[PDB]
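Student:
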DNA sequence: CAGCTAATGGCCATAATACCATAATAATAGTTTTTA
DNA sequence: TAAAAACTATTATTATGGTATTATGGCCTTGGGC
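Below you can see the structure in the form of structure tokens.
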């Protein structure tokens, strides 16, 4: 609630631009998210908290162009990929939702890559990527896998983020469906 | 790093008024001054940020929530409709409407204003250095009534200068250009001159460009056994624009176009693997790796080597090509080339001798033979530096340099000419300068962009002479070129 | 040539071309087709929407060509560094009716006596360009011309806060090393007086001694062109002969190369 | 025609572009320290 | 055992260039018995 109210509210006023305001916001409610934790009350209370801030930020920073909010998705995306391990499962709504979500966060790097942040962008999406993965999907991922495996198939980029260059190339391997696997191991 | 520069207009009352004078309110003159530097940083395109604020007035624009202020804009590198947004403010209709619509003049209090604009130095979120501010006032008397305001001037003033933050008052014509000397110090805050006006500002920055830059730092091993690291510097690059940027049509927005290689036969892709770097001639196509190419450069490494000592006068121009930009040998990191490099230049210049090097550009190259003249160190009383101590980075001449140039006979002149020719040139000569020299015909386009910047009719359409002025040509010298013309010839041109 | 970037495994350029791939800007920023776009910028904080049209029209220029003396000056205030450019024009007559080439010589020696330099517009002819630059007579007795070159343009001077080397007050040794390594500077003087023609033959005498990039490649060219793929091809030291000065000078540097290390230490 | 055109054969400068490649800064992590 | 900071170093940042490259750049060359 203060989690949820303070997040959707202050984060909402932030839709006129936030800068430090949002980020620390993202920090405190995000960071003081888990350090304040209890089974029952706080565990599943979060489960809805996390749940509906998912539904939020997909919208929120999806809209948000880059600006402050490249750094807002520093704060978040870090808190995201680390909040994967929070729920190994009960992911399914947020499995798929975050699936094409962070897909489009690759896309948000695709708007503007590089600088300092967009590194942090795709990088944080990468650990966002796998510990997420239970298998449990087929072409919800595989679809993504395809032209991820294009998006990294190419694209001279910084020395730093180059993990993505290879990032999903075997992660698509953990996606068992053949013919894309064919595509890659031919290509790779 | 990308710094602060600040416009401000004083207000007591009559300032936005014209003093009932029949030209302009010097307030407005200031207006176009603001225009001029903010616009100026279109051209110069300076990551320095600019300030537009007034005070001393009826209503307010601020966050400090006090009487007699207005913000105009927060610190910025400019904007086109930041320009336009401010462009309302010329003209008596815009004088007034600007005034009243914002409200114009009641009272003020001085150092209050200080930390006003200073507290626009609050506005810094980024890396700036220069704290530089300008007040626009004819005010002869800040006040006589409360000299506690005066103590406040002499009080917070020293703070704000001590803040490293610097405002002065240029000589903006209160009568005499000002008649006041008297108490004025507080109001205000490599050998040059100073000016009282904007015109200097205007033209001076019409073509102007970047200032603080030194980046990629190489080395010179002198021998194998001893060290210097060499600062690479551009006196200029033959400065050019930031070049045409991709923005799509109605969307107006950056394309974020990308490029890679599809297969150009089959609908597939292509990869740097899948290709290579070739030379082809005649029958034989020959293909060798982009790597193989890029390391075929390899001889040593980026870095430099004293290769010897040569008469400076040995080569003046039999020759010339792509310039030295100026490497200053670094001495902080590696000093003693403080001393070493010092006496080096001392005596090598004394010898009229120079240090040849083989320069190896960045991420290797094939390196090249280039002389280094020792560059002398020129400073006057206030230290005009024409010759920052260093080296002339002197490309050597090579085959390509001489790849071709003709030779044949030459038929020669007579002193009968030179008797006149000399003074003729004395009429054709000018003492020249360091300054007002460019290729404006490119400047004219960031004029053409000054257009959309102001969104107006015709550019500044300013004046440099890169083209000769006929009245002087036919004036000082005259037609004596006739004498020359019929000297040896009835030309018919 | 560019290092022709074409195919591997075939070499056939048929598969070969790069990807246009023009995109939209943001929020999936997807493909855009029909390459045409406006031609614009950001500058400052401001996007600079604009076209190629308003460019072309709004652009003042030269005509198709011209070359016009912009004036003259003495050479005293003038500096080699402040000779700028790369391309340089030996300029000879349109002759046959050579008269104004002779009077040209007249103005030339009107320049050379008084150390006089030329200030001239130059618009290159064949296709549509304005330019402006310095030009100056060079004198080598048998034949001479004026050379068009770029006048360094007022922006062209970068200048720093640099504290003077005129201040050595933090750095001085005893001269007693400095003089000696001067004598080195002689032993390392590349051009010393030779032939008693007062032609000091600069070891590394520039000139007929080329630069690698081409030479280097050329060895790559005979090798790989004429022999199969290999690692680094012969660097044959005639290469490095050129690269490195002669060791009578260098030998004469050796013990001075010693006095370097000895007399002149290092830090870091 | 008159002379063959005259756009054919050629194409150099550019500007543009690219790659492509750093400091100006600001981070990472980092391996030690014992603590436990 | 790790386990704590930890000031250190790293490699991370571009803004800014320079290469290097593209492209034709609007021109000089080619043609045929009437």
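Residue numbers (our numbering), protein chains in the order written: chain A, 1 to 188; chain B, 1001 to 1493; chain C, 2001 to 2268.
Ideal Cβ placement from N, Cα and C applies to all residues, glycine included.
Please list, in chain order, the residues of the segment 98–121 of chain A that have any C-beta partner in chain C closer than 9 Å.
Tutor: 104, 107, 108, 110, 111, 112
Student: Residue 2137 (chain C) lies in the beta strand (DSSP E); which residues open and close that run?
Tutor: It spans 2132–2138 - the beta strand (DSSP E) in which residue 2137 (chain C) sits, taken as one unbroken run.
Student: Using only the alpha-carbon positions, how far apart do residue 1073 (chain B) and residue 1255 (chain B) sit?
Tutor: Going by C-alpha positions, residue 1073 (chain B) is about 30 Å away from residue 1255 (chain B).
Student: Mind pulling the chain C residues with CB within less than 7 Å of residue 65 (chain A)?
Tutor: 2026, listed in chain order.
Student: Alpha carbon to alpha carbon, how far is residue 1449 (chain B) from residue 2056 (chain C)? Give it in angstroms, no decimals.
Tutor: Approximately 13 Å, taken between the alpha carbons.
Student: Applying the criterion that 16 or more other CB atoms from any shown protein chain within 10 Å of the CB defines a buried residue, is residue 1101 (chain B) buried or exposed?
Tutor: Result: exposed.
Student: Taking all protein chains shown into account, do 16 or more other C-beta atoms lie within 10 angstroms of the C-beta of residue 1104 (chain B), making it buried, or fewer, making it exposed?
Tutor: Burial state of residue 1104 (chain B) is buried, judged by a 10 Å Cβ sphere holding 16 or more other Cβ atoms.
Student: Is the shortest distance between the beta-carbon of residue 62 (chain A) and the beta-carbons of chain B less than 8 Å?
Tutor: no
Student: Could you tell me which whole alpha helix (DSSP H) segments of length 4 or greater appear in the segment 62–105 of chain A?
Tutor: 67–84
Student: On the DSSP bridge list, what partners appear for residue 1253 (chain B)?
Tutor: Residue 1253 (chain B) pairs with B:1248.
Student: So, for residue 1349 (chain B): in the same chain, excluding its five sequence neighbours on each side, which residues have a beta-carbon less than 8 Å away from its beta-carbon?
Tutor: Within the same chain, residue 1349 (chain B) has close Cβ partners 1312, 1374, 1376.
Student: Is the CB-CB distance between residue 136 (chain A) and residue 95 (chain A) below 8 Å?
Tutor: yes
Student: Threshold first: 4 residues or longer. Then list the alpha helix (DSSP H) segments lying entirely within the segment 2112–2185 of chain C, N to C.
Tutor: none
Student: Would residue 1261 (chain B) and residue 2268 (chain C) qualify as a contact pair, given that the criterion is a beta-carbon distance under 8 Å?
Tutor: no
Student: Is there a Cβ from chain C that is less than 8 Å from the Cβ of residue 1131 (chain B)?
Tutor: no
Student: Hey, residue 1052 (chain B) and residue 1039 (chain B): beta-carbon distance below 8 Å or not?
Tutor: no
Student: Output yes or no for whether 8 Å exceeds the beta carbon distance between residue 2003 (chain C) and residue 1278 (chain B).
Tutor: yes
Student: Would residue 171 (chain A) count as contacting chain B if we go by Cβ distances under 8 Å?
Tutor: no
Student: Using the Cβ count rule (16 or more neighbours within 10 Å means buried), how would you classify residue 1463 (chain B)?
Tutor: Classification for residue 1463 (chain B): exposed.
Student: Compile a chain-ordered list of the residues in the segment 152–171 of chain A whose CB is closer than 8 Å to at least one CB of chain B.
Tutor: 153, 154, 155
Student: Could you name the residues that DSSP lists as bridge partners for residue 2069 (chain C)?
Tutor: C:2120
Student: Cα-Cα, which of B:1139, B:1163, B:1331, B:1491 is closest to residue 1133 (chain B)?
Tutor: B:1163
Student: Just to confirm before moving on: does the CB-CB distance between residue 144 (chain A) and residue 98 (chain A) stay below 8 Å?
Tutor: no
Student: Do the segment 2081–2096 of chain C and the segment 2143–2156 of chain C touch if we need at least three Cβ pairs shorter than 8 Å?
Tutor: yes
Student: Out of C:2033, C:2037, C:2062, C:2046, point me to the one whose CA is closest to residue 1249 (chain B)'s CA.
Tutor: C:2037
Student: Roughly how many angstroms lie between the CA atoms of residue 2112 (chain C) and residue 1322 (chain B), to the nearest whole one?
Tutor: 25 Å
Student: Starting from the C-beta of residue 1130 (chain B), find all residues in its chain whose C-beta is less than 8 Å away, skip the five residues before and the five after it, and write them out in chain order.
Tutor: 1003, 1004, 1005, 1048
Student: Take every Cβ of the segment 1424–1431 of chain B, pair it with every Cβ of the segment 2068–2078 of chain C, and state whether three or more of those distances are shorter than 8 Å.
Tutor: yes
Student: If you follow the alpha helix (DSSP H) that residue 186 (chain A) is in, where does it begin and where does it stop?
Tutor: 178–187
Student: Along the chain, where does the beta strand (DSSP E) that runs through residue 1395 (chain B) open and close?
Tutor: 1390–1395
Student: Quick check on DSSP: helix, strand or coil for residue 2194 (chain C)?
Tutor: strand
Student: What is the rounded straight-line gap between the Cα of residue 2042 (chain C) and the Cα of residue 1089 (chain B)?
Tutor: 24 Å
Student: According to the Cβ coordinates, are residue 1379 (chain B) and residue 2164 (chain C) closer than 8 Å?
Tutor: yes
Student: Return the CA-CA distance between residue 2149 (chain C) and residue 2083 (chain C), expressed in angstroms with no decimal places.
Tutor: 8 Å
Student: Within its chain, find whatever has a CB closer than 8 Å to the CB of residue 2195 (chain C); leave out the 5 residues flanking it on each side and keep chain order.
Tutor: Answer for residue 2195 (chain C): 2201, listed in chain order.
Student: How long is the line joining the alpha carbons of residue 1461 (chain B) and residue 1206 (chain B), rounded to whole angstroms?
Tutor: 10 Å
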